[PDB]
Amino acid sequence: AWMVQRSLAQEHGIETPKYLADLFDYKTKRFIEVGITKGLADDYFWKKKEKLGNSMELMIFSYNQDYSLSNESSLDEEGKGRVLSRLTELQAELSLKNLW
Amino acid sequence: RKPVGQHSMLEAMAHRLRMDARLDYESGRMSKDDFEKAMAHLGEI
Amino acid sequence: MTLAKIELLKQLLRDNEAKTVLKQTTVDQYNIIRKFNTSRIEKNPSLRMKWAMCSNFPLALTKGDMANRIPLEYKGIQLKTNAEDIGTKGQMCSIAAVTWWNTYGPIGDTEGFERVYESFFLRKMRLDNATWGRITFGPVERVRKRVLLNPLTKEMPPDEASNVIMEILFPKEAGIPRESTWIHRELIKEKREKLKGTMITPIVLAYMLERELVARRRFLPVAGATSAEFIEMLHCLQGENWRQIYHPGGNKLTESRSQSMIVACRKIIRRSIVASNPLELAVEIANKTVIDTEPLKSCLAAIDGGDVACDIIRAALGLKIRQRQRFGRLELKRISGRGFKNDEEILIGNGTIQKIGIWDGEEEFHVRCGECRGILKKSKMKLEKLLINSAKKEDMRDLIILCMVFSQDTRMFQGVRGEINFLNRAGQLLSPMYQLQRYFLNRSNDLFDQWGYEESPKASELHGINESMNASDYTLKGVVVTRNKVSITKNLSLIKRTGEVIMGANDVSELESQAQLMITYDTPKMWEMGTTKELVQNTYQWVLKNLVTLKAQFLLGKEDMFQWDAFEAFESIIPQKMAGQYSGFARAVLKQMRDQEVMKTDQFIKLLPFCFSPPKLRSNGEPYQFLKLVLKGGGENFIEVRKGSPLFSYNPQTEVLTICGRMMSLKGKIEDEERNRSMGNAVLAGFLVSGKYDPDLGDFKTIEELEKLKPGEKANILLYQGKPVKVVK
RNA sequence: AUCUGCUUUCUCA
RNA sequence: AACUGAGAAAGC
Ligand SMILES: *O[C@H]1[C@@H](O)[C@H](n2cnc3c(N)ncnc32)O[C@@H]1COP(=O)(O)OP(=O)(O)OP(=O)(O)OC[C@H]1O[C@@H](n2c[n+](C)c3c(=O)[nH]c(N)nc32)[C@H](O)[C@@H]1O
Ligand SMILES: [Mg+2]
């Protein structure tokens, strides 16, 4: 993972993000982080920013349909809706089985 | 520097070569047909 | 060649054994299979080389066009083996092939050699642009110290250097970006751009970089010069009996100049204090002292720093006193104060009792560190106040930590909870304060935890700060933040015009440390600034050379033979407390030998140097009594009155005097009756021999008992093992 | 105030 | 069928 991150950073000439990210976007030529929470998405987004701030874009998804993306809207709402539906399905199944 | 990792040498080599091929293609070092050959070889690997 | 590498990987995976090796072996286990070797390596490479050189083709060629340029045979000499066994065999060549390549082979480019071995080229430049002084033959006391082998311009810890090398040469597979990757970003980028146009092997470049960066420190015997530029020539600098003056080329850091200047000033003062009119001798020596290649006066003028000794020498030489101190990253200037250093069994937080150097009295210092300034007021083991100015967070933290350590606050000592070593693996004494500073620079959390916090100042300008380096509501106890000519006495005492002593010779640190640079003394009596063993050997050699005249004067003269320059220099290594007692004891013994017919020449030589200081007899008017006269420096530097000593032993059988390991001969300066003469009359002051071991008297009486005897009272004295005698007052 | 990557050779144990 | 530990040196 670190090899991929450093290779992409060198190729695109962007300073290496100090922490291992989740994905790298060629179109944006940047990094994308994914933090899956269960409460407010904005609070977890701010918590992530307090340590990262401007290192890379942040995407936050919550099982309660609450989300928080970066300042740039790139993905269409279809994928966001699909991800939210998948998370809601997982949460509902876990709660039904008393696993939540 | 000694390379660390609990994963197979083949896995590390394949991922490194895939990243190198993708960077070469994006930067234009490698031709599109050469990139296709590299991707096919890696897939069969 | 990503596509070619992928094709090679597919080709290798076409082999089942290689396929399973790659699949099963992990990345960590690669390091194991890299060392796989079915056949054990031979263990006599010298014999193997002598055997192979007497063969046809011991060398192995590298397949390619360059190997093809080598002719099969040259003038009937088969350079390389025939190529009829190409199939999975390999190729070989003779050393004659190497010579042929060096003679007629293609002319390549040397830029790679210049780049890779730039360190050795700099070493050669330092050697060539260097001047040699004169070789001096005489005793040299070398101390084993951990010194840097080669000079460096940016020395970094090995892990930091390894990370820098990985960033420079392997940016992609470098791992996590660490602190080093940031604090050395400029150097990493500069090296990457410089190494961009290079086809040299990456591993060779990495070793070049580590040679340029990593510091190789080894334990070596050094004598007055420990700078790496001197360590690389140590083999020529000096031995156990000779010393070559050497002036290395290249630029020298001013830190080494300051350290060598401090050492030189301390030596000058230590040699001058015992002299009559110490100021005159101190000035005379300082005017003929050279630090590496510059006079001491110029170094003192041009160095904005030093210690008490440097200030004293500056005042003696006419330069202004720069009352500045260095405590690592911290630089201080004594605004005002006064304190006498003492050794205190300080209890450390982790239950360790150490004889740490503690200062007493109110003292104020204009302190600075990095880009931050402040004023530190302190007392005995307490930080009275610390008013710091606004600056960078890291610089402010460094200043606060260093001031805490400097103040020797009791909380600071109690704040040590961890592994702290005040003694090196060789048993040499590390500076306790500097070790505490090093510990607290990194593990600073506990120091602030135990320091305590009080209410932040509410004054007009004073606002306090906390561990976050922000103006928090609570401040560190005793710490506040704000946004806003001498004369020297004969005895080397610095006095203001008012009449107050500000610094004195007694305030000079007694530590005897090797100079960073080579200190030279361009005076005939340059050995008088040497170590204890060197001084002892030189003084006794002077006594031996002038033994005839010294003895004649002693038999004829009464008191004029006890005053000499050599003995004055020898006095500088006798502690002041015991100097007078030693003088009284030795003078009494020599006079008792002279007045009677008992004249042990070896004892006369042994005790004569100690008869220089003014006698300090006991309260009853009788001289003290000693078994060993302990000299300054080291536990083995002492003279045994009766037995032999590491610094002075006598062999009557061969009449050979072993002083500091050097054997002189008294054959020629001796009386054959001396061997029969009893040693008991040259051991105790005011004691003569009367007979053999007398059982009636009792057991051997010690020094305390012997001093309390009355006149005409016999006692048993053990001159040495197996030699008891009976002595009287 | 200097202490806080391996292989081979030689010495020592 | 050339081991263990330590030290120094050299090479990668
Ligand atoms: O290399 C040694 C010494 O020569 C060197 N040193 C000392 N001073 C300087 C300067 N000014 N420039 C460059 N190098 C310098 O550092 C090593 C110190 O060894 P040593 O001589 O043993 O130091 P000392 O015996 O003086 O005790 P130490 O705690 O190390 O202090 C050295 C220096 O700092 C002064 N100092 C320390 N403390 C805690 C002091 C204090 O509480 N109060 C006062 N007035 N001074 C304090 C020492 O007096 C020296 O000035
Ligand atoms: Mg993660």
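Residues numbered from 1 in each chain as written, not as in the entry; some residues may be left out. Chains lettered and ligands numbered in written order. Part of a larger assembly, values for the part shown. Heavy atoms only, no water. Residues with missing side-chain atoms left out of burial classes, pairs and counts.

A few points about the sheet that holds strand β30 (residues 688–691) of chain C
Sheets are built from strands paired through backbone hydrogen bonds, the pairs being either parallel or antiparallel. Residues and elements named next belong to chain C. For clarity, the threshold we go by: By this definition, two strands are paired if DSSP reports at least two bridges between them. In this description a helix means any DSSP run of H or I spanning at least four residues, a strand means any run of E spanning at least two, and both kinds are numbered starting from the N terminus. Fitted lines through C-alpha atoms serve as axes, helices being fitted only where they are in contact, and the angles separating the N-to-C directions of these axes extend from 0 to 180 degrees.
The sheet built from three strands is open, its strands ordered β30-β32-β31 with antiparallel pairing. Sheet topology places β30 and β31 (715–720) at the edges, where each strand pairs with a single neighbour. Each adjacent strand pair in this sheet contributes to an overall mean axis angle of 55 degrees, direction not counted. Of the strand pairs in this sheet, β30 and strand β32 (residues 723–728) are connected by three bridges, and their pairing is antiparallel. Its bridge partner lying in β32, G691 is registered against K726.

Section: the pattern of salt bridges
Counted only if it meets this: Note on definitions: salt bridges are taken to be side-chain nitrogens of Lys or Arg within 4 Å of carboxyl oxygens of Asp or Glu. Buried means the residue's accessible area, taken with a 1.4 Å probe over protein chains only, is under 20% of the maximum for its type, while exposed means over 50%, and partly exposed covers the values in between.
A full pass over the atoms with the stated rule returns 38 salt bridges over all chains. Of the charged contacts in the structure, one is a salt bridge between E173 of chain C and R16 of chain B, with a shortest N-O distance of 3.7 Å. Placement of the pair is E173 of chain C in the loop between α9 (158–169) and α10 (179–183) and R16 of chain B in helix α1 (residues 9–27), with the two residues belonging to separate chains. The class of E173 of chain C is partly exposed, set by a relative accessible area of 38%. Residue class for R16 of chain B comes out partly exposed when judged on its relative accessible area of 26%. With its nearest N and O atoms 3.9 Å apart, the salt bridge here joins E673 of chain C to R677 of chain C. For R677 of chain C, a relative accessible area of 16% corresponds to the buried category. Among the ionic contacts, a cluster of salt bridges with common partners joins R271, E528, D565 and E568 of chain C.

Re the protein's contact with RNA strand D
Residue and element names in this part refer to chain C. Counted only if it meets this: When we say a residue is near a molecule or strand, we mean one of its heavy atoms is within 4 Å of it. Nitrogen and oxygen atoms within 3.5 Å of one another constitute a polar contact, given that in protein one can donate a hydrogen and the other can accept it, and given that sequence-neighbouring residues count only through two side-chain atoms. Side-chain classes follow a simple rule in which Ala, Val, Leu, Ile, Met, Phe, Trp, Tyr, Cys and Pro form the nonpolar group, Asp, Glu, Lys and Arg form the charged group, and the remainder, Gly included, forms the polar group.
The immediate surroundings of RNA strand D are formed by 19 residues, with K43, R146, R217, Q259 and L430 found nearest. Restricting attention to atoms of RNA strand D within 4 Å of the protein, one finds that 53% of them are sugar or phosphate atoms. Side-chain polar atom of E155 to a base oxygen of RNA strand D: 3.4 Å apart, as the coordinates give it. Among the elements of the structure, β7 (217–222) and α21 (432–442) are those that each provide at least two residues to the surface near RNA strand D. If one sorts the elements of the surface near RNA strand D by residue count, α21 sits on top with three residues. The residue inventory of the surface near RNA strand D, partitioned by class, reads six nonpolar, six polar and seven charged.

Let's talk about the nonpolar core
Residue and element names in this part refer to chain C. Quick reminder of the rule: In this text, buried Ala, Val, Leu, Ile, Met, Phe, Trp, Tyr and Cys residues form a nonpolar core when linked through side-chain atoms within 4.5 Å.
Ranked by internal contacts, the top residues of the largest apolar core, which has 58 residues, are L590, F604, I605, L608, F610 and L631. Counting residues per element, this core draws most heavily on helix α26 (residues 576–595), at eight residues. By size, the runner-up hydrophobic cluster in this structure holds 51 residues, among which are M261, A275, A282 and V508.

Some words on the pairing of strand β16 (residues 372–379) of chain C
Along any regular strand, the residues point their side chains to alternate faces of the sheet. Residue and element names in this part refer to chain C. Note: strand β15 (residues 363–369) against β16, seven bridges, orientation antiparallel. Residue pairing for β16: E363 is matched across the bridge by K378. Hairpin connection from β15 to β16: two residues lie between these consecutive antiparallel strands, with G370 at a positive phi of about 65 degrees. Here β16 hands over to strand β17 (residues 382–389) after two residues, with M381 in that stretch at a positive phi of 60 degrees.

Quick notes on helix α11 (residues 185–194) of chain C
Residue and element names in this part refer to chain C. Rules: Arc definition: directions from the helix axis to the C-beta atoms. Note on contacts: a residue pair qualifies if any of its non-hydrogen atoms lie within 4.5 Å across the two residues.
Buried within α11 we find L187, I188 and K191. All buried residues of α11 fall inside an arc of 100 degrees around its axis, so they share one side. Away from its buried face by more than 90 degrees, α11 exposes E190 and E193. The secondary structure elements touched by the buried residues of α11 are α9, α10 and α12 (202–213).

A word on the sheet that holds strand β23 (residues 501–503) of chain C
Residue and element names in this part refer to chain C. The three strands are arranged β21-β22-β23 in an open sheet whose pairing can be described as antiparallel. On the outer flanks of this sheet lie β21 (487–488) and β23, each paired with one strand and no other. Where β21 lies against strand β22 (residues 494–495), two bridges are found, and the strand directions are antiparallel. Within β22, the position partnered with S487 by the bridge is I495.

With respect to the site of ligand 1
Residue and element names in this part refer to chain C. Applicable threshold: Note on areas: these come from Shrake-Rupley sampling with a 1.4 Å probe, and a residue is covered only by the protein chains present in the view.
Surveying the vicinity of ligand 1 reveals 18 residues, the closest of which are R266, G306, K341, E363 and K378. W359 is positioned such that a nitrogen or oxygen atom in its side chain is 3.4 Å from a nitrogen atom of ligand 1. In this structure, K378 approaches ligand 1 through a side-chain N or O atom, which is 2.5 Å from an oxygen atom. Compared with its free state, where it exposes 830 Å², ligand 1 has 89% of that area covered by protein. Counting only elements with at least two residues in the shell around ligand 1, the list comes to α15 (254–273), β11 (324–326), β15 and α21. The residue inventory of the shell around ligand 1, partitioned by class, reads seven nonpolar, four polar and seven charged.

What to know about α12 of chain C
All names here are of chain C. Inclusion rule: Helices are assigned an expected span. That span is 1.5 Å times one less than the residue count.
Taking 1.5 Å of rise per residue, twelve residues should cover 16 Å, and α12 covers 16 Å from first to last C-alpha, within 8% of that figure. Looking at α12, one finds that the buried residues are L205, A206, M208, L209 and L213. Here the buried residues of α12 occupy an arc of 160 degrees about the axis, which is enough to place them on one side. For α12, the elements touching its buried residues are α7 (111–116), α9 and α11.

Looking at the interface of chain C and chain B
Selection rule: Buried area counts how much accessible surface, traced with a 1.4 Å probe, disappears from two parts once they are put together, with both parts' losses summed.
Taken residue by residue, the interface counts 24 residues in chain C and 25 residues in chain B. Between chain C and chain B the total buried area reaches about 2,300 Å² when both faces are included, carbon and sulfur atoms providing 69% of it. At the junction of chain C and chain B, the tally comes to two salt bridges. Our enumeration of links across chain C and chain B arrives at twelve residue pairs in polar contact. Per element, the largest residue contribution to the side of chain C that touches chain B is eight residues, and it comes from helix α1 (residues 2–13) of chain C.

Focus: the side chain of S94 of chain C
Residues and elements named next belong to chain C. By the element assignment, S94 lies in the loop between β4 (92–93) and α6 (95–104). For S94, a relative accessible area of 6% gives the class buried. Excluding residues within four positions of it along the chain, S94 makes contact with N56, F57, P58, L59, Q78 and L79.

Comments concerning the protein's contact with RNA strand E
All names here are of chain C. Lining the immediate surroundings of RNA strand E are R40, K43, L149, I203, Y207, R216, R218 and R425. Per the 4 Å cut-off to the protein, sugar and phosphate atoms form 70% of the nearby atoms of RNA strand E. In this structure, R40 approaches RNA strand E through a side-chain N or O atom, which is 3.0 Å from a phosphate oxygen. Separating a base oxygen of RNA strand E from a side-chain N or O atom of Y207 is a distance of 3.5 Å. The residue makeup of the surface near RNA strand E, split by class, is three nonpolar, no polar and five charged.

Observations concerning the interface of chain A and chain C
Between chain A and chain C, the residue contacts involve eight residues of the former and eight residues of the latter. Taken together, the two surfaces of chain A and chain C that pack against each other cover about 730 Å², and 55% of this comes from carbon and sulfur. Three residues stand out in chain A for area buried against chain C, namely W2, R6 and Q10 of chain A, and they jointly supply 72% of the buried area on that side. Connecting chain A to chain C are one salt bridge. Salt-bridge contacts for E167 of chain C lead to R6 of chain A; the nearest nitrogen and oxygen are separated by 2.9 Å. When the residues that make up the side of chain A that touches chain C are grouped by side-chain class, the tally is three nonpolar, three polar and two charged.

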